[PDB]
Amino acid sequence: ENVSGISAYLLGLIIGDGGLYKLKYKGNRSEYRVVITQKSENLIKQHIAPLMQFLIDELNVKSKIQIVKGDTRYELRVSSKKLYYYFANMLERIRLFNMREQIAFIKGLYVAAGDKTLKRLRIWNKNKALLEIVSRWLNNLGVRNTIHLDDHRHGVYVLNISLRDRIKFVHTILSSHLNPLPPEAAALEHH
DNA sequence: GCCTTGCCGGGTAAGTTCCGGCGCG
DNA sequence: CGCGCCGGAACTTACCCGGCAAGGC
Ligand SMILES: [Cl-]
Ligand SMILES: [Cl-]
Ligand SMILES: [Mn+2]
Ligand SMILES: [Mn+2]
């Protein structure tokens with residue numbers, strides 16, 4: 001499914017560089033936000049926003065995509081109870097992702113929280129349970145990896161992908177045409 | 001000879017929840 | 001009155017990045 005793949009990709013970005021927020025305001029007012037932030041304006045507008053917009057249209061979500069410029073980064077934001085729960089329930093059921101969704105999610109998580117040099121293959125996150133799920137998926141895909149506490153200070157774990165399986169990881173996972181290619185993977189393929 | 005990877009410090013790119021406003025039953 | 005989109009941004013915790021050296025083949 002094209003929509004489930006894009007969805008899993010976006011969830012990867014949300015988990016890695018954004019979030020899902022249920023806000024309560026003065027006067028019993030409220031808001032539900034789907035958020036992805038990124039320093040690069042181009043990435044948010046040229047790569048991420050069009051995918052989100054496709055999803056919004058497919059799901060008949062009436063809300064608009066907002067791009068807010070902040071001091072340190074751009075924010076892509078959709079204010080939508082419907083889209084919020086769509087992603088929050090998907091995240092709840094993450095262990096049940098099929099292979100396609102797994103790969104889309106890993107791509108997204110990597111763009112957001114991965115080692116972009118690709119000299120080493122690493123993903124940082126404070127959620128060990130999350131990295132452990134990804135570890136299992138990678139193993140099933142034949143990509144060896146380890147999880148260690150990379151930063152004792154702030155308690156951020158790292159998922160290190162064995163360079164023995166660099167080709168398999170990059171070609172089979174980052175470069176799968178089953179769903180949107182991460183920018184650096186698209187570049188490699190077009191050379 | 002060199003690759004790999006745990007480990008750790010460097011200079012910062014994300015995240016999180018406020019605010020005032022509007023719309024609508 | 002009770003909720004849910006919009007637009008902005010202040011505030012908080014950094015961001016992944018990259019060097020080093022131990023191990024192992
Ligand atoms: Cl990438
Ligand atoms: Cl509304
Ligand atoms: Mn990021
Ligand atoms: Mn953070």
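What's counted below: heavy atoms across the whole structure, side chains too, no hydrogens, waters or symmetry copies. Lettering of chains follows the sequences in order, A, B, ..., and the numbering in each one begins at 1.
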Q) Is A:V111 linked to A:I67 within one hydrophobic cluster, defined over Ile, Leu, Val, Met, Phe, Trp and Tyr using a side-chain heavy-atom separation of less than 4.5 Å? A) yes

**Q.** A:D165: salt bridge (charged side-chain N to carboxylate O under 4.0 Å, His left out) partners, not counting sequence neighbours
**A.** A:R144

Q | Sugar-phosphate, base or nothing in reach of A:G27, heavy atoms under 4.0 Å | A | base

Q | Counterpart residues, salt bridge (charged side-chain N to carboxylate O under 4.0 Å, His left out), relative to A:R120 (two or more places apart) | A | none

Q) Do side-chain atoms of A:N179 reach the backbone of A:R100 as a donor and acceptor pair under 3.5 angstrom? A) yes

Q: Could you measure between the two P atoms, the one in C:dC17 and the one in B:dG15, and give it in whole Å?
A: 13 Å

Q: Could you please spell out the steps behind the side chain to side chain donor-acceptor pair (under 3.5 Å) verdict for A:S80 and A:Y86?
A: CA-CA 10 Å; A:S80 167; A:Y86 174 82; over 6 Å; no

Q. With positive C1'-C2'-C3'-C4' meaning north and negative meaning south, how does C:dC11 come out?
A. south

Q | Polar side-chain atom of A:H171 near backbone of A:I167 as donor-acceptor pair, under 3.5 Å | A | no

Q. Choosing from C:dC5, B:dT16, C:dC6, which nucleotide comes nearest the side chain of A:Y32?
A. C:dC5

Q. So, is C:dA22 syn or anti if syn means the angle is within 90° of 0?
A. anti

Q. Between CH2 of A:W137 and CZ of A:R95, what distance do you get to the nearest 0.5 Å?
A. 9.5 Å

Q) What is the distance, rounded to the nearest whole Å, between atom OH of A:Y110 and atom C1' of C:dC15? A) 14 Å

Q: State which residues pass salt bridge (charged side-chain N to carboxylate O under 4.0 Å, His left out) with A:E75; sequence neighbours excluded, sorted by chain then number.
A: A:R73, A:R77

Q. Taking CZ from A:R73 and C1' from B:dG15, how many angstroms apart are they, rounded to a whole number?
A. 7 Å

Q. Shared ILVMFWY cluster between A:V158 and A:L109, side chains joined below 4.5 angstrom?
A. no

**Q.** Sign-based sugar class (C1'-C2'-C3'-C4') of B:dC19
**A.** north

Q: Can you label the angle between the A:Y84 ring and the A:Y32 ring as parallel, tilted or perpendicular, going by 30° and 60°?
A: tilted

Q) Is there a residue in residues 160-176 of chain A whose heavy atoms reach under 4.0 Å of DNA chain C, and which residues are they? A) none

Q. Could you give the CD1-to-P distance, from A:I67 to B:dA14, as a whole number of Å?
A. 14 Å

**Q.** Whole-Å distance separating the NZ atom of A:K24 from the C1' atom of C:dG4
**A.** 9 Å

Q: Please check if the side chain of A:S135 supplies one atom and the backbone of A:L131 the other of a donor-acceptor pair under 3.5 Å.
A: no

Q: Return no unless some side-chain N or O of A:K69 is found under 4.0 Å from OP1 or OP2 of C:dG8.
A: no

Q | Nucleic acid contacts of residues 36-43 of chain A, taken as heavy-atom distances under 4.0 Å to DNA chain C | A | none

Q. Rounded to the Å, how far apart are A:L13 CG and B:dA14 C1'?
A. 13 Å

Q. Nucleotide by nucleotide, 5' to 3', does protein get under 4.0 Å of the base (B), only the sugar-phosphate (S), or neither (-) in nucleotides 19-25 of chain C, counting heavy atoms?
A. BB-----

Q) If each of A:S80 and A:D17 is mapped to the nucleotide of DNA chain C with the nearest heavy atom, which maps nearer the 5' terminus, i.e. the 5' end? A) A:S80

Q: Tell me whether A:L181 is reachable from A:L174 by hopping between hydrophobic residues (I, L, V, M, F, W, Y) whose side-chain heavy atoms are closer than 4.5 Å.
A: no

(Q) Does anything in residues 129-157 of chain A come within less than 4.0 Å of DNA chain C? Heavy atoms only, and list the residues if so. (A) A:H154

Q. Would you say A:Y21 reaches B:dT17's phosphate, i.e. side-chain N/O to OP1/OP2 under 4.0 Å?
A. no

Q | Pucker family (sign of torsion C1'-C2'-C3'-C4'), B:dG21 | A | north

Q. Of the nucleotides C:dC17, B:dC18, C:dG8, which one has an atom closest to the side chain of A:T117?
A. C:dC17

Q.
What is the distance, to the nearest angstrom, from the CG atom on A:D71 to the P atom on B:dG15?
A. 14 Å

(Q) Quick check on B:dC7: from the sign of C1'-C2'-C3'-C4', north or south pucker? (A) south

Q.
Determine whether a donor-acceptor pair (N or O, by modelled atom type, separation under 3.5 Å) exists between the side chain of A:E101 and the backbone of A:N98.
A. yes

Q: First locate atom CG of A:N160, then atom CH2 of A:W124, and finally report the distance between them rounded to the nearest 0.5 Å.
A: 9.0 Å

Q: Decide if the distance between the centres of the six-membered base rings of C:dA14 and C:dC15 is under 5.5 Å while the angle between those ring planes is under 30 degrees.
A: no

Q | Listed partners of A:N89 passing side-chain contact (heavy atoms from CB on, under 4.5 Å), at least two apart | A | A:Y85, A:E92

(Q) Applying a 4.0 Å non-hydrogen cut-off, can you work out what A:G70 is touching in the nucleic acid: base, sugar-phosphate, or nothing? (A) nothing

Q: Dot-bracket notation for DNA chain C is requested: 5' to 3', Watson-Crick or G-U wobble pairs only, both distances under 3.5 Å, with ( ), [ ], | and . as defined.
A: |||||||||||||..||||||||||

Q) Pairs in or reaching into residues 51-62 of chain A: which pass side-chain hydrogen bond (donor to acceptor under 3.5 Å, both in side chains), with residues at least two apart or in two chains? A) none

(Q) I'd like to know whether A:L118 forms a side chain to side chain contact (heavy atoms under 4.5 Å, CB included) with A:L121, so could you lay out the CA-CA distance, the side-chain angles of the two residues, the decisive distance to 0.1 Å, and finally the verdict. (A) CA-CA 6 Å; A:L118 299 184; A:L121 304 167; 3.8 Å; yes

Q. What pairs with A:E41 under salt bridge (charged side-chain N to carboxylate O under 4.0 Å, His left out), at least two apart in sequence or on another chain?
A. A:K45

Q: Could you state the atom-to-atom distance from CZ of A:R77 to P of C:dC5 in whole Å?
A: 13 Å

Q. Within the modelled atom types, does a donor on one side and an acceptor on the other bring the side chain of A:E75 and the base of B:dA14 under 3.5 Å apart?
A. no

Q | Atom-pair distance (CG on A:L76; P on C:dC6), nearest Å | A | 13 Å

(Q) Output one letter per nucleotide in nucleotides 20-25 of chain B: B when a protein non-hydrogen atom lies under 4.0 Å from the base, S when only the sugar-phosphate is that close, - when neither is. (A) BBB---

